[PDB]
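This is query26.pdb (PDB, C-alpha atoms and all ligand atoms).
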```pdb
ATOM      1  CA  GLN A 301      15.488   7.740 -44.085
ATOM      2  CA  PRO A 302      15.707   5.951 -41.690
ATOM      3  CA  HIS A 303      12.205   4.716 -40.893
ATOM      4  CA  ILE A 304      10.920   2.358 -38.196
ATOM      5  CA  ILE A 305       8.594  -0.077 -39.984
ATOM      6  CA  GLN A 306       7.886  -2.546 -37.155
ATOM      7  CA  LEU A 307       7.408  -2.031 -33.427
ATOM      8  CA  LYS A 308       4.418  -3.986 -32.121
ATOM      9  CA  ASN A 309       2.736  -3.663 -28.755
ATOM     10  CA  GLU A 310       3.129  -6.843 -26.761
ATOM     11  CA  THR A 311       1.202  -8.517 -23.994
ATOM     12  CA  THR A 312       2.996 -10.937 -21.713
ATOM     13  CA  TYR A 313       2.371 -12.541 -18.316
ATOM     14  CA  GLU A 314       4.194 -12.338 -14.990
ATOM     15  CA  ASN A 315       7.092 -14.856 -14.856
ATOM     16  CA  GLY A 316       6.896 -15.425 -18.607
ATOM     17  CA  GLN A 317       9.093 -14.187 -21.446
ATOM     18  CA  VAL A 318       8.664 -11.599 -24.126
ATOM     19  CA  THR A 319      10.727 -10.412 -27.074
ATOM     20  CA  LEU A 320      10.378  -6.871 -28.332
ATOM     21  CA  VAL A 321      11.366  -6.378 -31.970
ATOM     22  CA  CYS A 322      12.193  -3.157 -33.805
ATOM     23  CA  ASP A 323      12.842  -3.035 -37.571
ATOM     24  CA  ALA A 324      13.982   0.065 -39.487
ATOM     25  CA  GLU A 325      14.478   0.735 -43.196
ATOM     26  CA  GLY A 326      16.942   3.358 -44.366
ATOM     27  CA  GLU A 327      20.261   4.189 -46.005
ATOM     28  CA  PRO A 328      22.704   3.775 -44.648
ATOM     29  CA  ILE A 329      21.134   0.880 -42.709
ATOM     30  CA  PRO A 330      20.426   2.517 -39.300
ATOM     31  CA  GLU A 331      21.691   1.535 -35.864
ATOM     32  CA  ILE A 332      18.938   0.617 -33.402
ATOM     33  CA  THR A 333      18.916   1.479 -29.716
ATOM     34  CA  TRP A 334      16.347   0.501 -27.048
ATOM     35  CA  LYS A 335      15.226   2.848 -24.271
ATOM     36  CA  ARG A 336      13.070   1.957 -21.284
ATOM     37  CA  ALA A 337      10.868   5.031 -20.811
ATOM     38  CA  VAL A 338      10.098   4.878 -17.076
ATOM     39  CA  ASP A 339      13.735   5.417 -16.117
ATOM     40  CA  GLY A 340      15.463   6.384 -19.389
ATOM     41  CA  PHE A 341      17.613   3.242 -19.213
ATOM     42  CA  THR A 342      19.371   2.195 -22.422
ATOM     43  CA  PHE A 343      19.887  -1.261 -23.890
ATOM     44  CA  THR A 344      22.365  -2.192 -26.598
ATOM     45  CA  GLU A 345      23.751  -5.491 -27.849
ATOM     46  CA  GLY A 346      26.442  -6.878 -25.553
ATOM     47  CA  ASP A 347      25.759  -4.238 -22.920
ATOM     48  CA  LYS A 348      25.040  -6.907 -20.275
ATOM     49  CA  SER A 349      22.367  -6.916 -17.577
ATOM     50  CA  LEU A 350      22.485  -6.556 -13.816
ATOM     51  CA  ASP A 351      19.702  -8.973 -12.839
ATOM     52  CA  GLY A 352      20.429 -10.780 -16.123
ATOM     53  CA  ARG A 353      16.765 -10.839 -17.140
ATOM     54  CA  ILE A 354      17.175  -8.411 -20.017
ATOM     55  CA  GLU A 355      19.303  -8.644 -23.144
ATOM     56  CA  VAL A 356      19.394  -6.981 -26.573
ATOM     57  CA  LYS A 357      20.380  -8.689 -29.844
ATOM     58  CA  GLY A 358      21.164  -7.137 -33.213
ATOM     59  CA  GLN A 359      22.194  -3.544 -33.851
ATOM     60  CA  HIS A 360      21.459  -2.540 -37.447
ATOM     61  CA  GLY A 361      18.140  -2.783 -39.244
ATOM     62  CA  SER A 362      16.610  -5.075 -36.643
ATOM     63  CA  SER A 363      17.019  -5.482 -32.891
ATOM     64  CA  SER A 364      15.391  -7.713 -30.262
ATOM     65  CA  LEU A 365      14.899  -6.828 -26.626
ATOM     66  CA  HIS A 366      14.463 -10.092 -24.681
ATOM     67  CA  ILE A 367      13.028 -10.066 -21.152
ATOM     68  CA  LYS A 368      12.866 -13.321 -19.226
ATOM     69  CA  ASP A 369      11.118 -13.833 -15.848
ATOM     70  CA  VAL A 370       8.832 -10.871 -16.503
ATOM     71  CA  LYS A 371       8.126  -8.652 -13.476
ATOM     72  CA  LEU A 372       5.165  -6.298 -13.112
ATOM     73  CA  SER A 373       7.690  -3.476 -12.975
ATOM     74  CA  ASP A 374       8.626  -4.257 -16.627
ATOM     75  CA  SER A 375       5.268  -2.811 -17.602
ATOM     76  CA  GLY A 376       4.973   0.352 -19.677
ATOM     77  CA  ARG A 377       6.543   2.155 -22.614
ATOM     78  CA  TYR A 378       9.701   1.132 -24.452
ATOM     79  CA  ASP A 379      11.275   3.317 -27.116
ATOM     80  CA  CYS A 380      13.050   2.303 -30.276
ATOM     81  CA  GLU A 381      15.583   4.692 -31.762
ATOM     82  CA  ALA A 382      16.676   4.216 -35.371
ATOM     83  CA  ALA A 383      19.622   6.338 -36.441
ATOM     84  CA  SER A 384      21.807   6.531 -39.510
ATOM     85  CA  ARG A 385      24.115   9.441 -40.312
ATOM     86  CA  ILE A 386      21.248  11.206 -42.068
ATOM     87  CA  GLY A 387      19.562   9.917 -39.940
ATOM     88  CA  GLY A 388      17.037   9.805 -37.083
ATOM     89  CA  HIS A 389      13.659   8.369 -36.011
ATOM     90  CA  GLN A 390      12.004   7.118 -32.835
ATOM     91  CA  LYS A 391       8.864   5.137 -31.994
ATOM     92  CA  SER A 392       7.197   3.779 -28.881
ATOM     93  CA  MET A 393       5.416   0.588 -27.982
ATOM     94  CA  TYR A 394       3.746  -0.555 -24.772
ATOM     95  CA  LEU A 395       4.374  -3.760 -22.871
ATOM     96  CA  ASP A 396       1.165  -4.962 -21.243
ATOM     97  CA  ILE A 397       1.773  -7.416 -18.413
ATOM     98  CA  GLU A 398      -0.975  -9.737 -17.195
ATOM     99  CA  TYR A 399      -0.983 -11.632 -13.906
ATOM    100  CA  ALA A 400      -3.070 -13.507 -11.353
ATOM    101  CA  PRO A 401      -4.776 -11.088  -8.942
ATOM    102  CA  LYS A 402      -2.595  -9.775  -6.142
ATOM    103  CA  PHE A 403      -3.860  -8.658  -2.739
ATOM    104  CA  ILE A 404      -2.689  -5.242  -1.725
ATOM    105  CA  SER A 405      -4.512  -4.272   1.450
ATOM    106  CA  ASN A 406      -2.476  -2.467   4.128
ATOM    107  CA  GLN A 407      -4.381  -4.369   6.775
ATOM    108  CA  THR A 408      -5.544  -7.978   6.997
ATOM    109  CA  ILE A 409      -6.229  -8.139  10.735
ATOM    110  CA  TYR A 410      -9.198  -6.203  12.097
ATOM    111  CA  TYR A 411     -10.344  -5.553  15.668
ATOM    112  CA  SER A 412     -13.815  -4.844  17.019
ATOM    113  CA  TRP A 413     -15.973  -4.951  20.094
ATOM    114  CA  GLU A 414     -19.046  -7.082  20.315
ATOM    115  CA  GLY A 415     -22.003  -5.117  19.024
ATOM    116  CA  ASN A 416     -20.140  -2.691  16.763
ATOM    117  CA  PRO A 417     -20.115  -2.357  12.992
ATOM    118  CA  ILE A 418     -16.928  -2.753  10.997
ATOM    119  CA  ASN A 419     -15.928  -2.732   7.353
ATOM    120  CA  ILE A 420     -13.281  -5.120   6.134
ATOM    121  CA  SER A 421     -11.577  -3.975   2.982
ATOM    122  CA  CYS A 422     -10.258  -6.443   0.399
ATOM    123  CA  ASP A 423      -8.054  -4.625  -2.124
ATOM    124  CA  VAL A 424      -7.031  -6.334  -5.317
ATOM    125  CA  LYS A 425      -4.831  -5.403  -8.215
ATOM    126  CA  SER A 426      -5.085  -7.650 -11.244
ATOM    127  CA  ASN A 427      -4.742  -7.524 -14.990
ATOM    128  CA  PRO A 428      -7.183  -8.219 -16.405
ATOM    129  CA  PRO A 429      -9.713  -7.008 -13.739
ATOM    130  CA  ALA A 430     -10.686  -9.798 -11.346
ATOM    131  CA  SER A 431     -13.961 -10.925  -9.888
ATOM    132  CA  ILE A 432     -13.712 -10.567  -6.118
ATOM    133  CA  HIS A 433     -15.720 -12.493  -3.540
ATOM    134  CA  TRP A 434     -15.874 -12.749   0.213
ATOM    135  CA  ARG A 435     -16.331 -16.186   1.777
ATOM    136  CA  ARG A 436     -16.499 -17.760   5.207
ATOM    137  CA  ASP A 437     -15.443 -21.370   4.938
ATOM    138  CA  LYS A 438     -16.983 -22.485   1.651
ATOM    139  CA  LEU A 439     -19.968 -20.166   1.898
ATOM    140  CA  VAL A 440     -20.052 -17.085  -0.317
ATOM    141  CA  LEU A 441     -21.138 -13.938   1.523
ATOM    142  CA  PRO A 442     -23.568 -12.579   2.259
ATOM    143  CA  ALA A 443     -25.365 -15.818   3.086
ATOM    144  CA  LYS A 444     -29.137 -16.070   2.706
ATOM    145  CA  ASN A 445     -29.690 -16.657   6.416
ATOM    146  CA  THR A 446     -27.905 -13.507   7.651
ATOM    147  CA  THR A 447     -29.139  -9.989   8.303
ATOM    148  CA  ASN A 448     -25.873  -8.291   9.290
ATOM    149  CA  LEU A 449     -23.592  -8.725   6.293
ATOM    150  CA  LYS A 450     -23.322  -6.685   3.086
ATOM    151  CA  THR A 451     -20.719  -6.299   0.361
ATOM    152  CA  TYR A 452     -19.742  -3.186  -1.555
ATOM    153  CA  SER A 453     -17.734  -3.489  -4.761
ATOM    154  CA  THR A 454     -15.604  -0.807  -6.484
ATOM    155  CA  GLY A 455     -13.266  -2.211  -9.138
ATOM    156  CA  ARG A 456     -10.100  -2.898  -7.144
ATOM    157  CA  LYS A 457     -11.860  -3.036  -3.788
ATOM    158  CA  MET A 458     -14.565  -5.150  -2.161
ATOM    159  CA  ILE A 459     -15.793  -4.140   1.284
ATOM    160  CA  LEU A 460     -17.384  -6.593   3.648
ATOM    161  CA  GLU A 461     -19.688  -4.803   6.068
ATOM    162  CA  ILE A 462     -20.473  -6.530   9.361
ATOM    163  CA  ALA A 463     -23.068  -4.516  11.255
ATOM    164  CA  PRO A 464     -23.241  -5.153  14.037
ATOM    165  CA  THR A 465     -20.867  -7.969  15.039
ATOM    166  CA  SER A 466     -21.964 -10.923  17.141
ATOM    167  CA  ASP A 467     -19.480 -13.423  18.542
ATOM    168  CA  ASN A 468     -19.751 -15.942  15.696
ATOM    169  CA  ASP A 469     -18.724 -13.134  13.294
ATOM    170  CA  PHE A 470     -15.188 -13.282  14.654
ATOM    171  CA  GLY A 471     -12.680 -15.609  13.062
ATOM    172  CA  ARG A 472     -11.292 -16.089   9.562
ATOM    173  CA  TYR A 473     -12.601 -14.633   6.314
ATOM    174  CA  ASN A 474     -11.450 -15.563   2.848
ATOM    175  CA  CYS A 475     -11.305 -13.010   0.022
ATOM    176  CA  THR A 476     -11.012 -14.631  -3.415
ATOM    177  CA  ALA A 477     -10.033 -12.999  -6.698
ATOM    178  CA  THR A 478     -10.053 -14.571 -10.104
ATOM    179  CA  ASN A 479      -9.111 -13.689 -13.683
ATOM    180  CA  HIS A 480      -8.250 -15.823 -16.702
ATOM    181  CA  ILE A 481      -4.676 -16.132 -15.354
ATOM    182  CA  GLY A 482      -5.751 -17.760 -12.086
ATOM    183  CA  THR A 483      -7.594 -17.662  -8.779
ATOM    184  CA  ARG A 484      -5.917 -16.301  -5.681
ATOM    185  CA  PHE A 485      -7.151 -15.707  -2.172
ATOM    186  CA  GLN A 486      -6.178 -13.852   0.967
ATOM    187  CA  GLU A 487      -7.399 -14.586   4.463
ATOM    188  CA  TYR A 488      -8.522 -11.795   6.784
ATOM    189  CA  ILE A 489      -8.917 -11.898  10.546
ATOM    190  CA  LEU A 490     -11.588 -10.248  12.644
ATOM    191  CA  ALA A 491     -10.584 -10.476  16.311
ATOM    192  CA  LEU A 492     -12.663  -9.620  19.395
ATOM    193  CA  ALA A 493     -10.923  -6.659  21.021
ATOM    194  CA  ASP A 494     -10.984  -4.742  24.331
ATOM    195  CA  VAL A 495      -8.667  -1.767  24.988
ATOM    196  CA  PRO A 496      -7.772   0.667  22.199
ATOM    197  CA  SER A 497      -4.706   0.232  20.064
ATOM    198  CA  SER A 498      -1.730   2.621  20.387
ATOM    199  CA  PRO A 499      -2.089   6.233  19.176
ATOM    200  CA  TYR A 500       0.660   7.283  16.800
ATOM    201  CA  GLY A 501       2.302  10.086  14.884
ATOM    202  CA  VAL A 502       2.580  12.289  17.935
ATOM    203  CA  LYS A 503       4.116  15.689  17.265
ATOM    204  CA  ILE A 504       4.598  18.958  19.122
ATOM    205  CA  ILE A 505       2.879  21.563  16.938
ATOM    206  CA  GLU A 506       3.088  24.593  19.209
ATOM    207  CA  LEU A 507       5.933  25.305  21.611
ATOM    208  CA  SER A 508       6.921  28.035  24.029
ATOM    209  CA  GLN A 509       8.860  28.392  27.297
ATOM    210  CA  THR A 510       6.129  26.966  29.491
ATOM    211  CA  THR A 511       3.633  25.375  27.148
ATOM    212  CA  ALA A 512       3.336  23.019  24.225
ATOM    213  CA  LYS A 513       0.594  21.590  22.067
ATOM    214  CA  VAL A 514       0.846  17.926  21.274
ATOM    215  CA  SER A 515      -1.032  16.403  18.374
ATOM    216  CA  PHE A 516      -1.459  12.755  17.436
ATOM    217  CA  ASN A 517      -3.426  10.275  15.322
ATOM    218  CA  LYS A 518      -6.162   8.114  16.789
ATOM    219  CA  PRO A 519      -5.629   4.392  16.453
ATOM    220  CA  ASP A 520      -7.891   3.385  13.572
ATOM    221  CA  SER A 521      -9.993   0.370  14.506
ATOM    222  CA  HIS A 522     -12.198   1.325  11.556
ATOM    223  CA  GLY A 523     -14.929   1.852  14.124
ATOM    224  CA  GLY A 524     -14.671  -1.519  15.829
ATOM    225  CA  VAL A 525     -13.065  -0.248  19.022
ATOM    226  CA  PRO A 526     -14.268   2.853  20.888
ATOM    227  CA  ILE A 527     -12.014   5.573  22.297
ATOM    228  CA  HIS A 528     -13.312   7.510  25.275
ATOM    229  CA  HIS A 529     -10.304   9.757  25.938
ATOM    230  CA  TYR A 530      -6.515   9.945  25.704
ATOM    231  CA  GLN A 531      -3.961   9.923  28.556
ATOM    232  CA  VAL A 532      -1.001  12.146  27.807
ATOM    233  CA  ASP A 533       2.044  11.388  30.001
ATOM    234  CA  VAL A 534       4.804  13.974  30.194
ATOM    235  CA  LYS A 535       8.138  13.694  32.055
ATOM    236  CA  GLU A 536      11.363  15.630  32.311
ATOM    237  CA  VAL A 537      14.137  13.291  31.122
ATOM    238  CA  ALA A 538      16.025  13.118  34.418
ATOM    239  CA  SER A 539      12.855  13.010  36.491
ATOM    240  CA  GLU A 540      10.920   9.990  37.713
ATOM    241  CA  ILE A 541       7.342  11.166  37.920
ATOM    242  CA  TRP A 542       5.094  11.068  34.880
ATOM    243  CA  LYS A 543       2.645  13.943  34.950
ATOM    244  CA  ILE A 544      -0.703  12.915  33.466
ATOM    245  CA  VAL A 545      -3.015  15.103  31.400
ATOM    246  CA  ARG A 546      -6.356  13.718  30.152
ATOM    247  CA  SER A 547      -7.668  14.906  26.795
ATOM    248  CA  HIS A 548     -11.108  16.456  26.364
ATOM    249  CA  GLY A 549     -12.922  13.340  25.137
ATOM    250  CA  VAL A 550     -11.761  12.084  21.742
ATOM    251  CA  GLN A 551      -9.794  15.271  20.907
ATOM    252  CA  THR A 552      -6.381  14.370  19.461
ATOM    253  CA  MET A 553      -4.693  17.577  20.516
ATOM    254  CA  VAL A 554      -3.813  18.465  24.086
ATOM    255  CA  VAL A 555      -2.223  21.602  25.477
ATOM    256  CA  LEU A 556       0.552  21.120  28.028
ATOM    257  CA  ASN A 557       0.982  23.816  30.655
ATOM    258  CA  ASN A 558       3.397  24.715  33.437
ATOM    259  CA  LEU A 559       6.591  23.601  31.774
ATOM    260  CA  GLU A 560      10.097  24.845  32.598
ATOM    261  CA  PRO A 561      11.895  26.893  29.947
ATOM    262  CA  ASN A 562      14.837  25.222  28.141
ATOM    263  CA  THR A 563      13.834  21.804  29.446
ATOM    264  CA  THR A 564      13.802  18.406  27.742
ATOM    265  CA  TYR A 565      10.596  16.370  28.101
ATOM    266  CA  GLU A 566       9.442  12.871  27.136
ATOM    267  CA  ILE A 567       5.864  12.593  26.020
ATOM    268  CA  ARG A 568       3.728   9.484  25.393
ATOM    269  CA  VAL A 569       0.031   8.981  24.648
ATOM    270  CA  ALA A 570      -2.388   6.124  25.278
ATOM    271  CA  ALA A 571      -6.047   5.712  24.389
ATOM    272  CA  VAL A 572      -8.613   4.667  26.988
ATOM    273  CA  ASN A 573     -12.067   3.126  26.742
ATOM    274  CA  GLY A 574     -14.484   1.211  28.961
ATOM    275  CA  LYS A 575     -12.387  -1.954  28.946
ATOM    276  CA  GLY A 576      -9.227  -0.066  29.910
ATOM    277  CA  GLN A 577      -6.096   1.607  28.572
ATOM    278  CA  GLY A 578      -4.129   0.433  25.515
ATOM    279  CA  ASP A 579      -0.416   0.667  24.759
ATOM    280  CA  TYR A 580       1.452   3.939  24.770
ATOM    281  CA  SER A 581       2.696   5.506  21.589
ATOM    282  CA  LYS A 582       6.425   5.438  21.029
ATOM    283  CA  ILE A 583       7.965   8.060  23.359
ATOM    284  CA  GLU A 584       8.831  11.404  21.691
ATOM    285  CA  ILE A 585      11.292  14.037  22.912
ATOM    286  CA  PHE A 586      10.791  17.785  22.852
ATOM    287  CA  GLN A 587      12.533  20.763  24.398
ATOM    288  CA  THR A 588      10.811  23.949  25.493
ATOM    289  CA  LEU A 589      12.128  27.350  24.405
ATOM    290  CA  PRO A 590      14.721  29.109  26.606
ATOM    291  CA  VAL A 591      13.794  32.425  28.257
TER
HETATM  292  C1  LIG A 601      -0.071   0.184 -28.610
HETATM  293  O1  LIG A 601      -0.659   0.440 -27.344
HETATM  294  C2  LIG A 601      -1.112   1.765 -27.145
HETATM  295  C3  LIG A 601      -1.846   1.864 -25.812
HETATM  296  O2  LIG A 601      -1.123   1.195 -24.802
HETATM  297  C4  LIG A 601      -2.048   2.220 -28.260
HETATM  298  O3  LIG A 601      -2.319   3.592 -28.086
HETATM  299  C5  LIG A 601      -1.450   1.973 -29.639
HETATM  300  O4  LIG A 601      -2.398   2.258 -30.638
HETATM  301  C6  LIG A 601      -1.036   0.515 -29.752
HETATM  302  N1  LIG A 601      -0.489   0.231 -31.075
HETATM  303  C7  LIG A 601       0.787   0.456 -31.407
HETATM  304  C8  LIG A 601       1.427  -0.536 -32.338
HETATM  305  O5  LIG A 601       1.431   1.426 -30.994
HETATM  306  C1  LIG A 602     -18.884   0.400   5.170
HETATM  307  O1  LIG A 602     -18.718   0.805   3.832
HETATM  308  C2  LIG A 602     -19.953   1.244   3.290
HETATM  309  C3  LIG A 602     -19.874   1.408   1.768
HETATM  310  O2  LIG A 602     -18.984   2.440   1.406
HETATM  311  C4  LIG A 602     -20.432   2.504   4.012
HETATM  312  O3  LIG A 602     -21.733   2.825   3.590
HETATM  313  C5  LIG A 602     -20.527   2.224   5.501
HETATM  314  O4  LIG A 602     -20.907   3.400   6.196
HETATM  315  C6  LIG A 602     -19.228   1.610   6.023
HETATM  316  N1  LIG A 602     -19.446   1.166   7.379
HETATM  317  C7  LIG A 602     -18.541   1.211   8.351
HETATM  318  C8  LIG A 602     -18.607   0.082   9.340
HETATM  319  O5  LIG A 602     -17.699   2.098   8.476
HETATM  320  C1  LIG A 603     -10.468 -19.303  -0.057
HETATM  321  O1  LIG A 603     -11.372 -19.615  -1.099
HETATM  322  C2  LIG A 603     -10.769 -20.239  -2.212
HETATM  323  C3  LIG A 603     -11.815 -20.434  -3.300
HETATM  324  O2  LIG A 603     -12.916 -21.097  -2.724
HETATM  325  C4  LIG A 603     -10.191 -21.583  -1.802
HETATM  326  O3  LIG A 603      -9.600 -22.189  -2.934
HETATM  327  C5  LIG A 603      -9.176 -21.376  -0.683
HETATM  328  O4  LIG A 603      -8.680 -22.610  -0.198
HETATM  329  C6  LIG A 603      -9.839 -20.599   0.451
HETATM  330  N1  LIG A 603      -8.893 -20.346   1.517
HETATM  331  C7  LIG A 603      -9.032 -20.930   2.703
HETATM  332  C8  LIG A 603      -7.790 -21.161   3.509
HETATM  333  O5  LIG A 603     -10.122 -21.259   3.151
END
```

Would you put the structure from the file into structure tokens?
Ligand SMILES: *[C@@H]1O[C@H](CO)[C@@H](O)[C@H](O)[C@H]1NC(C)=O
Ligand SMILES: *[C@@H]1O[C@H](CO)[C@@H](O)[C@H](O)[C@H]1NC(C)=O
Ligand SMILES: *[C@@H]1O[C@H](CO)[C@@H](O)[C@H](O)[C@H]1NC(C)=O
Amino acid sequence: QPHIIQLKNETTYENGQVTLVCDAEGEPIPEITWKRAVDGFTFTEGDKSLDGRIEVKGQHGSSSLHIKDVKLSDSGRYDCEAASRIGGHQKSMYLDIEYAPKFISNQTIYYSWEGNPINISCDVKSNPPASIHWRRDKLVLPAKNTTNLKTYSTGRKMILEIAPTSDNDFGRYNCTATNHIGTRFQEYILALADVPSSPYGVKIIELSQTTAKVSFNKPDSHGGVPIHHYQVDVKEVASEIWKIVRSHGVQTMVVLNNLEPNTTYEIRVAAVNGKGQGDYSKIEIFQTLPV
């Protein structure tokens, strides 16, 4: 002895309550300790709680771990440790947490020109797995009287393809997700755009006394908004005149020449298309090598 004789898996739901029970036989009657596996955190009777949601009751033979206001983060493995002096045994169970679908896309606002294709991505996490639909108003998509809309489904993701856009395609879209816990929705926006968005993540990746290579990320319109070229502006920090270098088409690296050694420069990048020039990236500072 001792021997854990009860430690059931449990399934609960977000915002609900669950009680985990562990029973152990043995002589002497063993002390029971709870361990949350993801972070190795220990629970014992009395040992309070920070957020208050979690308490343990009973210490010998049987112990209850009570969690109120269940969070998704409470999901996973919990360990029960039964120990007497003789005197050791551990067992795991898993807490399965169910919940209404949640929308987890990084982007809900999309931009496109007239006449361009664009995919709008609806990303859903739910337990159990949800059914996802796209809708415009009350109409499920694609409608029967359209020839420019398609959907593509992959478990946690449903893509709405609009190819190409016409003006009436702009506006609000409604992505709905449903499981036995509930139905939830998330609105997405497709807006008619003109100039490119701001480039970002600009870095100096090569650097000498008189030259530097700047590299950046294109603004991702997901193909809605064209980029013709980039304008790279460079300026010595106590100088007034921005020197402009155009990129070779849609290349996202540009080599800067004719720099002074040991000199501090500001650099900013903007994308340009047929409708004009977008915002500049956040200004970055570099300093050429000394002689
Ligand atoms: C508990 O759940 C896990 C999977 O999450 C499973 O492997 C195991 O058989 C289940 N039963 C118990 C009581 O451990
Ligand atoms: C939209 O997604 C589909 C499915 O993966 C893909 O075939 C298509 O090329 C994408 N279109 C756009 C607008 O990028
Ligand atoms: C999205 O669709 C769902 C299900 O039809 C609906 O209940 C919800 O109100 C819609 N959202 C909006 C604002 O249209």

What residues of the protein or nucleic acid chains come within 10 Å of ligand LIG 601 (chain A) when you use only C-alpha atoms and all ligand atoms? Reply as number ranges by chain.
A: 306-311, 376-377, 391-396

Can you work out which one of A:452, A:565, A:434, A:378 has the shortest atom-to-atom distance to ligand LIG 603 (chain A), counting only C-alpha atoms and all ligand atoms?
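For ligand LIG 603 (chain A), the nearest of the candidates is A:434.
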
Give the residue list for ligand LIG 603 (chain A) at 9 Å, counting all atoms listed in the file, as a PyMOL selection string, sorted by chain and then by residue number.
chain A and resi 433-440+472-477+483-487

What is the distance between atom CA of residue 419 of chain A and atom CA of residue 495 of chain A, in Å to one decimal?
19.1 Å

Just want the residues within 12 Å of ligand LIG 602 (chain A), written as a ChimeraX atom specification, counting all atoms listed in the file.
/A:410-412,415-422,448-454,457-465,520-525

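Considering only C-alpha atoms, the residue among A:580, A:403, A:586, A:530 positioned nearest to residue 426 of chain A is A:403.
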
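For residue 315 of chain A, the non-local neighbours within 8 Å, defined as residues at least 2 positions apart in the same chain or in other chains and counting only C-alpha atoms, are residues 313, 317, 368, 369, 370 and 371 of chain A.
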
For the atom pair atom CA of residue 572 of chain A and atom CA of residue 406 of chain A, what is the interatomic distance in Å to one decimal place?
24.7 Å

Once the PyMOL selection byres (((chain A and resi 382) around 6) and not hetatm) is applied to the coordinates I shared, what remains selected? I want it as an MDAnalysis selection string.
chainID A and resid 330:332 381 383 388:389

Quick one: residues within 7 Å of residue 318 of chain A, all atoms listed in the file, excluding same-chain residues fewer than 3 positions away - as a PDB file with C-alpha atoms, in the frame of the given file?
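Output saved as out_21.pdb:
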```pdb
ATOM      1  CA  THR A 312       2.996 -10.937 -21.713  1.00  0.00           C
ATOM      2  CA  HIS A 366      14.463 -10.092 -24.681  1.00  0.00           C
ATOM      3  CA  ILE A 367      13.028 -10.066 -21.152  1.00  0.00           C
ATOM      4  CA  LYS A 368      12.866 -13.321 -19.226  1.00  0.00           C
TER       5      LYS A 368
END
```

Do you know which residues the PyMOL selection byres (((chain A and resi 328) around 9) and not hetatm) returns on this file, as a list in words?
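In the shown coordinates, the PyMOL selection byres (((chain A and resi 328) around 9) and not hetatm) covers residues 301, 302, 325, 326, 327, 329, 330, 384, 385, 386 and 387 of chain A.
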
Store the residues picked out above, limited to C-alpha atoms, as a PDB file, in the frame of the given file.
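Everything below was put into part.pdb:
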```pdb
ATOM      1  CA  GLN A 301      15.488   7.740 -44.085  1.00  0.00           C
ATOM      2  CA  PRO A 302      15.707   5.951 -41.690  1.00  0.00           C
ATOM      3  CA  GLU A 325      14.478   0.735 -43.196  1.00  0.00           C
ATOM      4  CA  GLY A 326      16.942   3.358 -44.366  1.00  0.00           C
ATOM      5  CA  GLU A 327      20.261   4.189 -46.005  1.00  0.00           C
ATOM      6  CA  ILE A 329      21.134   0.880 -42.709  1.00  0.00           C
ATOM      7  CA  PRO A 330      20.426   2.517 -39.300  1.00  0.00           C
ATOM      8  CA  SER A 384      21.807   6.531 -39.510  1.00  0.00           C
ATOM      9  CA  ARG A 385      24.115   9.441 -40.312  1.00  0.00           C
ATOM     10  CA  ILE A 386      21.248  11.206 -42.068  1.00  0.00           C
ATOM     11  CA  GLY A 387      19.562   9.917 -39.940  1.00  0.00           C
TER      12      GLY A 387
END
```

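With atom CA of residue 583 of chain A on one side and atom CA of residue 504 of chain A on the other, the separation reads 12.2 Å.
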
For a quick check of understanding, using all atoms listed in the file, which of A:409, A:400, A:544, A:365 has the smallest distance to residue 556 of chain A?
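Checking each candidate against residue 556 of chain A, we get A:544 as the closest.
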
With distances taken over only C-alpha atoms, which of A:335, A:502, A:469, A:407 is nearest to residue 423 of chain A?
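Closest residue, counting only C-alpha atoms: A:407.
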
Minimum-distance residue to residue 432 of chain A, chosen among A:494, A:456, A:534, A:575 (using all atoms listed in the file):
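Nearest candidate to residue 432 of chain A out of A:494, A:456, A:534, A:575: A:456.
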
How would segment 339-344 of chain A read, as a compact mmCIF listing (two decimals), in the frame of the given file, once N, CA, C and O atoms are built in?
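What follows is the written file part.txt:
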```txt
# COMPACT_ATOMS: atom_id res chain seq x y z
N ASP A 339 12.52 4.95 -16.76
CA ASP A 339 13.74 5.42 -16.12
C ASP A 339 14.82 5.90 -17.08
O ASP A 339 15.93 6.20 -16.66
N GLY A 340 14.50 5.98 -18.38
CA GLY A 340 15.46 6.38 -19.39
C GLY A 340 16.64 5.44 -19.62
O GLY A 340 17.64 5.81 -20.24
N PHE A 341 16.52 4.21 -19.14
CA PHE A 341 17.61 3.24 -19.21
C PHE A 341 17.81 2.71 -20.63
O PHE A 341 16.84 2.42 -21.34
N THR A 342 19.06 2.57 -21.05
CA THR A 342 19.37 2.19 -22.42
C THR A 342 19.87 0.76 -22.53
O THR A 342 20.63 0.28 -21.70
N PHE A 343 19.41 0.08 -23.58
CA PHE A 343 19.89 -1.26 -23.89
C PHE A 343 20.54 -1.30 -25.27
O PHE A 343 19.98 -0.81 -26.26
N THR A 344 21.73 -1.89 -25.32
CA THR A 344 22.36 -2.19 -26.60
C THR A 344 22.99 -3.58 -26.57
O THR A 344 23.29 -4.12 -25.49
```
